[PDB]
Each structure stands twice: as C-alpha cells, then as structure tokens.
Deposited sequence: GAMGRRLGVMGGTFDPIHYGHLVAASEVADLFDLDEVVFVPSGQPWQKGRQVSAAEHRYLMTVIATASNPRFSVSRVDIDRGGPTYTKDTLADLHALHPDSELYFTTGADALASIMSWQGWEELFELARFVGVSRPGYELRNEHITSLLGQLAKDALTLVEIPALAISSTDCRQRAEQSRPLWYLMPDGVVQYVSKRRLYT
C-alpha cells in the first residue's frame, strides 16, 4: 500500500495542487493522497482546512488530515510523518510538496529520519531515489497570485474549484 502526503499551507488550494497530487498518484501508483494543511506558523487554519476539504471532496482517492493543524505549535514534517505512520502503519509514505520548500530540507529537524519514514517528491512549474523532482505545468498557478487576485477583486474562476472560489469570496479571506 502507498499513500501520498500533500504537505502545504494551501492558502488557497488551487488546481495546480490538485493536478500535482493527481499526477504524483499516477506516477508512483499511489492508492490515496492525503492533503495535510500545515499548522498556523496566513488565513486561519480552519479556513485552509475547509477549502482543502471542499477542493478534494469529489475525488474518491483524496482525503484531508488535521494532524498538523491540531498538533499545537508550528509544523515540522518529522511530526507529520510520525503521526501518519502511526495512523497508516502498512503504507509507504510519499511526502509531496513544492520543490522550493524542499530546497531547505537540510535545515528541517530529523533530516535523516525523514528519509527513513518517506520518499520525497518535489513538484514545481517547469524550469526548476530519496528525492524525485517532478515538473507540473499547472503549478504555474500559485496561491500568492490567487490571493492578489482576490485582494484586487479579479476573478478566481477556473483557477480552483467553484466551491473554493465562493468560499474565498463569501468568507472575505483576502480582502
């Protein structure tokens, strides 16, 4: 059994993330991908959790975990991987996040134990065994650009699911 772990802030989640998760699951024959919004270091954790639930609900092989949000302090991936390993003891873990996030991995706590717990996948827009880098054209879509568009009342339609567009708008997240 093989479980993707999509780690990120997801403020907001967008089609880039969803495309990336879908491709990585196909590339590595993953049975499921669990999205793990990171803890409060940015919109409140509950907003980021709900947007990610909204965005992933329709995919039978996506889910969302609260392990980082409910942990208590800032998020360290050694703790995310320990929590998920305890929850899914039989699954091989494929930790997936932005390649630019993973460029600082040598400063993350438990750097050596991280690779005992998971294989790592860095996804990026084009032109960027233990770490595999994967280029995803749809990751040209960025959460920063999404927040700026919302701030400027420019449309978010087709950059993320309709439910996320409307959540961002009616909860006034970036205005």
Missing residue ranges, deposited sequence indexing starting at 1:
1 to 4, 46 to 51, 139 to 154
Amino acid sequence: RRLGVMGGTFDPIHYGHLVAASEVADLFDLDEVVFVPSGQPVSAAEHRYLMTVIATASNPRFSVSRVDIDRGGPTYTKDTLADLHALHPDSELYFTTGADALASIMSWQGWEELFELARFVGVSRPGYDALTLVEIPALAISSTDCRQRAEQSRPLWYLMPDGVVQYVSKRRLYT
From here on, numbers count along this sequence of modelled residues.
Can you tell me which stretch has the higher mean Cα B-factor, 50 to 58 or 111 to 119?
111 to 119
Should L133 be placed in the lowest, middle or highest third of its chain by the C-alpha B factor in the entry?
highest
How does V42 rank on Cα B-factor within its chain, lowest, middle or highest third?
highest
Sorting by Cα B-factor within the chain, modelled residues only, which third would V34 end up in: lowest, middle or highest?
lowest
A150's Cα B-factor: lowest, middle or highest third of the chain?
middle
CA B-factor placement of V64, once the chain's modelled residues are sorted into thirds:
lowest
